[PDB]
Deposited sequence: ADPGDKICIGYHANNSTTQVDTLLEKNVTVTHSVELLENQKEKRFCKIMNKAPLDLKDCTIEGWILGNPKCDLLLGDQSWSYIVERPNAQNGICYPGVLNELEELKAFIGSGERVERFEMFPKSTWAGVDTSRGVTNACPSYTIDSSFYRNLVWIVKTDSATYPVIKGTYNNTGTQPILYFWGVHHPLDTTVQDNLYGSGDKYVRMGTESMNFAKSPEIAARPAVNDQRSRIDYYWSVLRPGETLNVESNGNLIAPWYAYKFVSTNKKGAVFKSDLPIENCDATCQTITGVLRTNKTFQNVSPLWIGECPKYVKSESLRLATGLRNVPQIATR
């Protein structure tokens, strides 16, 4: 009968719940989800820069200049690299690209390369630079070809393979990434026919680096019909450094190389499509377009992404326990 005033709290139609240390599944009036579990299954530009799609070429195929990787050939700037899992064009002539993992780490990243002719074929005197092709390395148009960045130097028809020599003096601002090889024949017969007779060496040097290799002749199991191998090498010529090359034979010479410009770099091994999308956070499994602080999508990303956790949900209560009547 008397007038009344009561103290109370808000209630609403919320069915959203949180967990606490004391209690699970507590329906609460207002809450925020701090975790993002959704993604765009594609690759987008980052900082408005396109990624490099290596297509049917592996990283080895692209930077050695495998003849089937011509579409990649010659100048490139990238926000990150996409390498397709089933890409078939890599090292066409069998052999080992030495310090491969460390090369992959250097290239990624890495934001641009400028391809230039480091050693003109004219560099090597008294030898044939026009015949170093192989059926192992076909282009799309011709059955026997070779890497675009190397010259497989061979004996002139008449006479022995002389001492050949080359120098490149890095005069620019940028480090240069370059490649070379040593050929290891199947046979002493292949050795004699290609290079002359006698003990062969490949020696390279810079102000800070020393290389020396001689052929190791033996038959290895056939790969791309080749029982011979090439040991491939890479290095980086710093600004102001000079490279000296000197070989007796078996040299697979540096021909083209890369001015290399260097943040967070990324090589994504994925088959996802690269679309005319733009983005801020790119994950190996997709774009995150979110304001949330956590994500359960991937620990591998480029850009400004939220923090990866294994959690399915991270809902903070903000309002209070919901107890409607």
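- Comparing the deposited sequence with the modelled residues shows gaps at 1-2, 265-266, 330-333, with numbering starting at 1.
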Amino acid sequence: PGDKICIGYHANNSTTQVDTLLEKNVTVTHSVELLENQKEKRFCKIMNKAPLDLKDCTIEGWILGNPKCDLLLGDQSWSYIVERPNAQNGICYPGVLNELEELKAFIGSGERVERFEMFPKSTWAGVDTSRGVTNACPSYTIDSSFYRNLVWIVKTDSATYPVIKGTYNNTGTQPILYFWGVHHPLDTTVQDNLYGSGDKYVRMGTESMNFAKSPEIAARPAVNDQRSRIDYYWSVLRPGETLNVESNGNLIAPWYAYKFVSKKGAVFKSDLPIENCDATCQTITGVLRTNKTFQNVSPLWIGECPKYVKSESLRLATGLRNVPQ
From here on, numbers count along this sequence of modelled residues.
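- Modelled in this chain, residue 269 is likewise resolved in all the other entries of the protein that span it on both sides, not missing from even a third of them.
- Here 173-181 and 156-164 are compared by their mean Cα B-factor, and 156-164 comes out higher.
- Per-stretch averaging of Cα B factors for 99-107 and 241-249 places 241-249 on top.
- For the set 59, 284, 277, 28, the PDB entry assigns the largest Cα B-factor to 277.
- Among all modelled residues in its chain, residue 126 ranks in the highest third by Cα B-factor.
- Split the chain's modelled residues into thirds by C-alpha temperature factor. Residue 70 is in the highest one.
- Sort the chain's modelled residues by C-alpha temperature factor and residue 208 lands in the highest third, per the entry.
- Residue 271: CA B factor lies in the highest third for its chain, per the PDB record.
- In the deposited entry, the Cα temperature factor of residue 216 places it in the middle third of its chain's modelled residues.
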